[PDB]
Amino acid sequence: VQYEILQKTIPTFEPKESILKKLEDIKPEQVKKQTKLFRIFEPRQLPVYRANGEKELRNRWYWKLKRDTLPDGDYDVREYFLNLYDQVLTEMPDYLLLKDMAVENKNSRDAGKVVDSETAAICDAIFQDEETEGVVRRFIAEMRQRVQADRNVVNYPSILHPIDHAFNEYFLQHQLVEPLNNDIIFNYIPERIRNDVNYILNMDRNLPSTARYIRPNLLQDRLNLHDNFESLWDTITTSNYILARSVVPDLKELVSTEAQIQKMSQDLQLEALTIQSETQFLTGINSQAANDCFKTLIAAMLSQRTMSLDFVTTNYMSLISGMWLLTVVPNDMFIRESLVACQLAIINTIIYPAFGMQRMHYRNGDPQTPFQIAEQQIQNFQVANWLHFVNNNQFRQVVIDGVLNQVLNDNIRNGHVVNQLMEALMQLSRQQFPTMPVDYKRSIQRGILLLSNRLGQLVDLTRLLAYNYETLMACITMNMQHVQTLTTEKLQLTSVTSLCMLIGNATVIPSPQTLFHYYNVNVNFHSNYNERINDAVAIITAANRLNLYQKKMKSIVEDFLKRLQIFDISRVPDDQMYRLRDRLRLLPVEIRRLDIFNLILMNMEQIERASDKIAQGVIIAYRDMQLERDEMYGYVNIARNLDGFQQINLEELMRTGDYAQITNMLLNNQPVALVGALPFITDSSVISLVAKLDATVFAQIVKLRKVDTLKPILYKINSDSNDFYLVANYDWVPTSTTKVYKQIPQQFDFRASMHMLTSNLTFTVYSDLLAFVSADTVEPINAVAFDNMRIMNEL
Amino acid sequence: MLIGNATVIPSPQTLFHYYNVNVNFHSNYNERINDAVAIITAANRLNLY
Amino acid sequence: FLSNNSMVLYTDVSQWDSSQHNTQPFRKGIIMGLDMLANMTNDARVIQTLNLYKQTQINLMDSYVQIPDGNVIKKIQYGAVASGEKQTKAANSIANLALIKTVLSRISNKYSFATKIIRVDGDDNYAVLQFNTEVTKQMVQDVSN
């Protein structure tokens, strides 16, 4: 035994692969219950320095940011705040019970609780500090949880910064849950299904008022994707068509194929020694296609997907059944050239040869389909009225229960159209063929008799299709528009003949479980659609209210389409994304997102004045200005008004590099301000003050023009500076050129930062709402239609 | 049908290149004109036939 | 469609088994198509069949080859296509058709022609193409290069 090995470094071609799903496999949602309270600020002990600069034996608590991460450059700061808005929306909860997050204060009189772990941390720290007044300790001892269970309400103490309170209070007061009772279980079900006496409903539970439920956003198509996005529409349409095929019933006991077809043979009186066009009538009269046509028609009419015809003109029964088809199914539901060909065949081999006419002289692009022109040439009331109905058969667009609906005539539903059809076929049987021989008469009249001996079954079939179609229509949320798609489904008229020739006295009604499944699926797709629209609209309107001009609004649309888990995002182009963006801009934002964004807008500057990594500007005054007294620094070179000196924006200078102004102003020692986020270093010395270093930083800007390597100096001076004996003895207020534009921290008020957060007590949340409902059908023979009359009865 | 969201302009180096080249061609053109004109005129004034 | 204005490019494609275009891209195109088709059906036997054909394409993407040499046996990395399969014929026809459709849209960067006919049968393939004018020697040469 022995082996050898050889290898080859094959390249690694990776497509994008656009990972897909289908509607039934779209998972609905997972609710957000809330974690900790979304803090942005926290307290901190800092030293303090009395005026004259020196230090106390005491400290003080100031608010400071958690996670100082802010950038350099105002553009990147606005990026930061957009990302923060994304974070809050990622953390925006749907419901929340405060008791889950609550903990126990180790220092309360009444042995009470508070809201969050950090609240209690702060309380304990401030309680155990040596240098806190007794009054805040009293406060901490009195602050506890209150409960009122008559109302299912709790009030817990919290300690948090006012921005934090704004966010958390908005979350509390706008948590989207609604009381759940069985009446809502019912009324969540469609009216038409409850109003249908062929379904019976019950449940074995009595939910309390303590329950809750989230309501879907079944708002309609804001984007009008039927309007000039025909690729996306063809995708959506096929993706609903396939769902619809999953729910159409399989047919019950059909007549025995071999028996029915032996009967057809007998009724045709074939011959073993001729060709006999009649023979082709038997082409494809199997089962499995009857079901296929029954499924294809209904799924197309529900999905609004056009469908095309294939049919061999040597088979005349295909045409004779296409008659019935074109009657009971509209014509704009089919693609034009197909039914043009079919109607032309029907005319030129059943009708105009029967009434003794020319074949036809028909143009390809004639603005009239052949039945329209033939409606007027003939002179016979029955056939002409039939053709009138066919030409003017089309859907009725009606808005019911919020959803649009493509409703049939209400003369098709009740099968009576078939009576017009059969009268026409009888008045065609009675014709002679003056031009054409008698064998051809025999073929035609024989074929149409095979369908005229099925009157009751065809009426019943039409009623059955209408019933199942409306019953499944009732389980739709997205409005169903009638606009032709790029692409069709091939319908075979052999399958139509199979259906029309293999059916009898056995009724199929949709199971209630299939109905509920179809409804919940359409709901999940529709609610995902609306929620993702709202997401993307929020981000777009955010980025345009912050002048994020370099941002390119493509990845957003790509995320929006990926989350719509049916499209091929790797092969949708860019123009289409941008047009979709153009539509998305014009939409209103939902209230939650707009409010959160307004909060971030009004307080983003306040968040940015903090963050002691970057300062909001720098002054340069060729003048011996004074330093300001503060008590977390001492003497500082700090500015907080920026009045007086004129200001240069730096992002405007980074965009269009024109340093003539800044350079000229620096050379000639002209006072100026420079506005934009900027780092610094904290020079805590004194000998670097009299030496006047903070003016040295700007002379690089003329040599190397890039104002990015720019860091002003911040002259904090105190009793911790190695040279403070000067400021102590000689009695000189420090003075400095080149102040920094910056704000100080805000002192921590334990009393006023305490709040009481109110919420519910112990509700429950249910999602799969139709799980409590049990449903069943009457015996399918004992069914009944809109007319209050048993369908599938004629024998 | 294949374009969007990428502005490309000439670099200043390319502009200077393309200006210097045209300058050189044009200057050579006028200089060689002047030389030919001078030599023709001198051949027709010095009776060189 | 042979005429003074048309030409025809014919090409032997029998050596294109170890080639770099019958490895990963060829197999992955079929895998992608199968994914689309699986999301284009609701029955389960069909999805199982499709997943099995897919997994076959996964495994054929890495394929070693027993080849003796005297007593010891070599096994070589050969992640490509050959015969000995139910698939090789039609799939090679597909891939050669796509290949020529892709190449033939590049001569259009330098010539105006109307593709009249393409044919692919195994170890050869030919495409005829017609011009706005009459043919010369130099267009033949440049088209070939």
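Procedures and definitions
Residues numbered from 1 in each chain as written, not as in the entry; some residues may be left out. Chains lettered and ligands numbered in written order. Part of a larger assembly, values for the part shown. Heavy atoms only, no water. Helix = DSSP H or I, 4+ residues; strand = E, 2+ residues; numbered from the N terminus. Rg over C-alpha atoms; globule rule 2.2 N^0.38 Å. Contact = heavy atoms within 4.5 Å. Areas by Shrake-Rupley, 256 points an atom, 1.4 Å probe, with all protein chains shown as cover. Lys, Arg positive; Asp, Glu negative; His and termini not counted. Charge placed at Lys NZ, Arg CZ, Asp CG, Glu CD. Buried < 20%, exposed > 50% of the residue type's maximum accessible area, 1.4 Å probe, protein only. Polar contact = N/O pair within 3.5 Å; in protein donor to acceptor, adjacent residues only side chain to side chain. Buried area = accessible area lost by both parts, 1.4 Å probe. Salt bridge = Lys/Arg side-chain N within 4 Å of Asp/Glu carboxyl O. Nonpolar A, V, L, I, M, F, W, Y, C, P; charged D, E, K, R; others polar. Pairing = 2+ DSSP bridges. Arc of directions from axis to C-beta. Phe/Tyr/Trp six-rings, centres within 6.5 Å; stacked < 30°, edge-to-face > 60°. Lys NZ or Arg CZ within 6 Å of the ring centre and 35° of its normal. Axes fitted to C-alpha atoms, helices over the stretch in contact; angles between N-to-C directions. Patch = residues over 30% accessible without salt bridge, like charges linked within 9 Å, V, L, I, M, F, W, Y side chains within 5 Å. Core = buried A, V, L, I, M, F, W, Y, C linked by side-chain atoms within 4.5 Å. Parallel < 35°, antiparallel > 145°, perpendicular 65-115°, else oblique. Left-handed = near helix turned anticlockwise from the far one by under 90°. Expected span 1.5 Å × (residues − 1).

- Method of determination, as annotated in the archive: cryo-EM, at 3.3 Å resolution.

## Some details on the overall build of chain C
Stage number 1. Summing up its helical and strand segments, chain C has four helices and five strands in all.
Stage number 2. Helices and strands appear in chain C in the N-to-C order β-α-α-β-β-α-β-β-α.
Stage number 3. Taken against the 2.2 N^0.38 rule, which gives 15 Å for 145 residues, the C-alpha radius of gyration of chain C at 20 Å runs more than 25% over that of a compact globule.
Stage number 4. The principal-axis extents of the C-alpha atoms in chain C amount to approximately 55 × 55 × 25 Å.
Stage number 5. Nonlocal contacts in chain C, meaning residues at least 24 apart in sequence, comprise 58% of its contacts between residues at least 6 apart.
Stage number 6. Counting every atom, chain C has about 9500 Å² of accessible surface; 54% of that belongs to carbon and sulfur.
Stage number 7. Both charge centroids of chain C, one from 14 positive and one from 12 negative side chains, sit 4 Å from each other.

## A look at the overall build of chain A
Stage number 1. A tally of regular secondary structure across chain A gives 27 helices and 26 strands.
Stage number 2. In terms of overall dimensions, chain A is more spread out than a globule: its C-alpha atoms have a radius of gyration of 40 Å, far above the 28 Å expected for 795 residues.
Stage number 3. With respect to the principal axes defined by its C-alpha atoms, chain A has extents near 135 × 80 × 70 Å.
Stage number 4. Buried residues in chain A amount to 51% of all 795 residues.
Stage number 5. Of all intrachain contacts in chain A linking residues separated by at least 6 positions in sequence, the fraction that spans at least 24 positions is 81%.
Stage number 6. Approximately 38700 Å² of chain A is accessible, and the part contributed by carbon and sulfur atoms is 48%.
Stage number 7. Each charge class in chain A can be summarised by its mean position, and for the 80 positive and 92 negative side chains these summaries are 2 Å apart.

## Here we look at the side chain of A:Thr296
Residue and element names in this part refer to chain A.
Stage number 1. On the secondary structure map, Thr296 appears in helix α10 (residues 290-303).
Stage number 2. Its relative accessible area of 3% is what places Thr296 among the buried residues.
Stage number 3. Side chain to side chain, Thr296 and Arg245 meet in a polar contact 2.9 Å long.
Stage number 4. Excluding its chain neighbours within four sequence positions, the residues that come into contact with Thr296 are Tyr241, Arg245, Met307 and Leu491.

## What about the interface of chain A and chain C?
Stage number 1. If you look at the interface, chain A gives 20 residues, while chain C gives 21 residues.
Stage number 2. In total, about 2100 Å² of surface goes out of reach between chain A and chain C, with carbon and sulfur atoms giving 57% of it.
Stage number 3. When the buried surface of chain A facing chain C is broken down by residue, A:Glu4, A:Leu6 and A:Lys8 rank first, second and third, together holding 24% of it.
Stage number 4. Our enumeration of links across chain A and chain C arrives at zero salt bridges.
Stage number 5. Listing elements by their share of the side of chain A that touches chain C, those giving two or more residues are β1 (3-6) and α8 (230-245) of chain A.
Stage number 6. The class makeup of the residues in the side of chain A that touches chain C is nine nonpolar, three polar and eight charged.
Stage number 7. Sheet topology note: the β1(A)/strand β3 (residues 72-77) of chain C ladder contains four bridges and is parallel. Residue pairing across strands places A:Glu4 opposite C:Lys74, the latter belonging to β3(C).

## Some details on helix α20 (residues 555-563) of chain A
Residues and elements named next belong to chain A.
Stage number 1. If you check which residues of α20 are buried, you get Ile556, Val557, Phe560 and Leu561. Along the axis of α20, the buried residues cluster in a sector spanning 130°; they form a single face.
Stage number 2. Residues of α20 that are buried sit in contact with α19 (512-544) and α21 (574-585).

## Remarks on the sheet that holds strand β25 (residues 764-766) of chain A
Consider a sheet: its strands pair through backbone hydrogen bonds, and that pairing is either parallel or antiparallel.
All names here are of chain A.
Stage number 1. The three strands lie next to each other as β8-β10-β25, forming an open sheet whose pairing is mixed. Only two strands of the sheet have a single neighbouring strand rather than two, namely β8 (178-179) and β25.
Stage number 2. Note: β8 against strand β10 (residues 211-213), two bridges, orientation antiparallel. Each bridged residue has a counterpart across the sheet, and for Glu178 the counterpart in β10 is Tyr213.

## Regarding the arrangement of the chains
Stage number 1. Most contacts, among the two pairs of chains that meet, fall between chains A and C.
Stage number 2. Chain B shows no contact with chain C. Their nearest C-alpha atoms sit 15 Å apart.

## Considering the packing of aromatic side chains
To describe a pair of aromatic rings, one takes the distance between the centres and the angle between the planes.
Residues and elements named next belong to chain A.
Stage number 1. Per the counting criterion, the structure on display carries 16 aromatic pairs over all chains.
Stage number 2. A ring pair is formed by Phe38 and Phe167, whose centres lie 5.7 Å apart and whose planes are at 85°; its orientation type is edge-to-face. You can see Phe38 sitting in the loop between β1 and β2 (41-49) and its partner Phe167 sitting in helix α5 (residues 162-173), a full 129 residues away along the chain. You'll find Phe38 and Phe167 in the same group, each marked buried.
Stage number 3. Here the aromatic residues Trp63, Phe139, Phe748 and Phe750 are joined through ring pairs into a cluster of three or more.
Stage number 4. A cation sits over an aromatic face here: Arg413 above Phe786, 4.2 Å from the ring centre.

## Thoughts on unusual backbone geometry
Residue and element names in this part refer to chain A.
Stage number 1. Phi is positive for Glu17, which is not a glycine, with a value near 75°.
Stage number 2. Of the residues examined, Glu17 reaches a relative accessible area of 23% and is grouped as partly exposed.
Stage number 3. Even without being a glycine, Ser611 presents a positive backbone phi close to 65°.
Stage number 4. By the secondary structure assignment, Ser611 is in the loop between α22 (591-609) and β15 (614-620).

## So, the sheet that holds strand β7 (residues 153-159) of chain A
All names here are of chain A.
Stage number 1. Taken in spatial order, the three strands make up an open sheet running β6-β7-β24, and their pairing is antiparallel. Every other strand in the sheet has two partners, leaving β6 (146-148) and β24 (754-760) as the edge strands with one partner each. Averaged over all neighbouring strand pairs, the angle between strand axes comes to 25°, with direction disregarded.
Stage number 2. By the bridge criterion, three bridges tie β6 to β7 in an arrangement that is antiparallel. Note on β7: the bridge partner recorded for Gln148 is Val153.

## Notes on a nonpolar patch on the surface
Stage number 1. Among the surface-exposed residues, C:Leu2, C:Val8, C:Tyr10 and C:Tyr126 lie close enough to one another that they form a single nonpolar patch of about 480 Å² accessible area.
Stage number 2. Of note, C:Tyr126 is situated in strand β5 (residues 125-131).

## Comments concerning the environment of A:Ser308
All names here are of chain A.
Stage number 1. Inspection of the secondary structure puts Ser308 in strand β11 (residues 307-310).
Stage number 2. Along the primary structure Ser308 and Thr488 are separated by 180 residues, whereas in three dimensions their C-alpha atoms are 5.9 Å apart.
Stage number 3. Beyond its immediate stretch of four places on either side in the chain, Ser308 contacts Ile335, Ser338, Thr488, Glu489, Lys490 and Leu491.
Stage number 4. At 3.0 Å, the side chain of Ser308 and the side chain of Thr488 are in polar contact.

## Quick word on the nonpolar core
Residue and element names in this part refer to chain A.
Stage number 1. Residues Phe167, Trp324 and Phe750 are the most contacted members of the largest nonpolar core, which totals 188 residues.
Stage number 2. With 15 residues, the single largest contributor to this core is α19.
Stage number 3. Leave out the neighbours within four places in its chain, and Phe167 touches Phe38, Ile40, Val88, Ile596, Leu599 and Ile600.

## Some thoughts on the packing of helix α1 (residues 24-38) of chain C against helix α2 (residues 44-60) of chain C
Residue and element names in this part refer to chain C.
Stage number 1. Put simply, α1 and α2 touch, their axes get as near as 10 Å, and they point 165° apart. Taken together, the axes of α1 and α2 are roughly antiparallel relative to one another. Between α1 and α2 lies a crossing whose hand is left-handed. Contacts between α1 and α2 involve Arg27, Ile30, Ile31, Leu34, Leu37 and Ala38 from the former and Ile47, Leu50, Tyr53, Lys54, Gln57, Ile58 and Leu60 from the latter.
Stage number 2. By residue class, the composition of the contact of α1 with α2 is ten nonpolar, one polar and two charged.

## A closer look at α5(A)
All names here are of chain A.
Stage number 1. For α5, spanning twelve residues, the distance from its first C-alpha to its last is 16 Å, which sits close to the expected 16 Å at 1.5 Å a residue.
Stage number 2. Among the twelve residues in α5, nine count as buried, and that is most of the element.
Stage number 3. On the buried face of α5, the contacting elements are β2, α1 (74-91), α2 (98-101), α22 and β24.

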